[PDB]
Amino acid sequence: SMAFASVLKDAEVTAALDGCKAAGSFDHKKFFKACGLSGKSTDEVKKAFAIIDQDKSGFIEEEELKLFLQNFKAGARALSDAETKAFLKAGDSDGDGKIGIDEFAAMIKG
Ligand SMILES: [Ca+2]
Ligand SMILES: [Ca+2]
C-alpha cells in the first residue's frame, strides 16, 4: 500500500513506480534516486526498509527482493527473475539469498 507516501511524496514514488512498470526495465538505482532515497539518511532508510517488509521477517529474502514494488503499493507486480537478481547483487554484498538493512542502505548509499 501507499506507505512511503508518508516518508516521500506519493507523487514522487509514483513516477518511480511507473519507471519500473517497464518489464526488465526496473532500475532500483533510478528508483531510490528518483524518490531521493538514494543519498538520503541511513536512518530513514531503515524506516524505508519496513515499508517493503510485509512480513517483518527481519530480512528481505531473494523472494522478497522481487517484492520491492509491493512496498510502494499492495498490488504492484514483482521484479522479474533477473530484475530481482540484479537488485540482489546490486545490494547483497554476500549473495546469501537475503538483503539486510545494512545492505539495503548500501545499494542506495552507493
Ligand atoms: Ca521482510
Ligand atoms: Ca545479507
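What follows draws every value from the coordinates through simple rules; no lab data is involved. Methodologically, a virtual Cβ is constructed for each residue, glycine included, from the backbone with ideal geometry; neighbour enumeration extends over all protein chains shown.
Things to note:
- Total charge dipole magnitude, the chain, about the Cα centre, Cβ charges on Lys, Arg, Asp, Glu only, Debye to nearest 20: 440 debye
- Region 26-73 and region 79-99: distance between their alpha carbon centers, rounded to Å: 12 Å
- In sequence order, region 94-110 has phi-based couplings of 10, x, 9, x, 9, 10, x, 6, 3, 8, 5, 8, 8, 3, 9, 4, x Hz under the Karplus curve 6.51 cos²θ - 1.76 cosθ + 1.60, θ = phi - 60°, and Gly or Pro positions carry x.
- Set of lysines with alpha-carbon distance to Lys89 below 25 Å, sequence-local pairs under 8 removed: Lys21, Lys29, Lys30, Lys33, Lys40, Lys46, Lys47, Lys56, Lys66, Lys73, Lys98, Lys109
- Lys/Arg +1, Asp/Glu -1 at C-beta; the chain dipole; positive extreme among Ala48, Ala78, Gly36: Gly36
- Simple rule: put +1 on each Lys or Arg Cβ and -1 on each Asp or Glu Cβ in the chain, find the dipole, and look at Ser1, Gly110, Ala15; the Cα lying farthest toward the positive end is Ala15.
- Helical runs assigned H by DSSP (4 residues or longer) give the chain a calculated mean residue ellipticity at 222 nm of -11000 deg cm²/dmol, each run adding -39500 (n - 2.57) before division by the residue total.
- Debye log10 I(q)/I(0) at q = 0.23, 0.24 Å⁻¹ for the chain, Cα point scatterers: -1.47, -1.64
- Taking 7 Å steps out from each Cα toward its Cβ at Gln54 and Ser6 produces label points 1.8 nm apart.
- Once the Cα-Cα distance is subtracted from the 0.36 nm per residue extended length, the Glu44 to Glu61 segment shows a gain of 4.1 nm.
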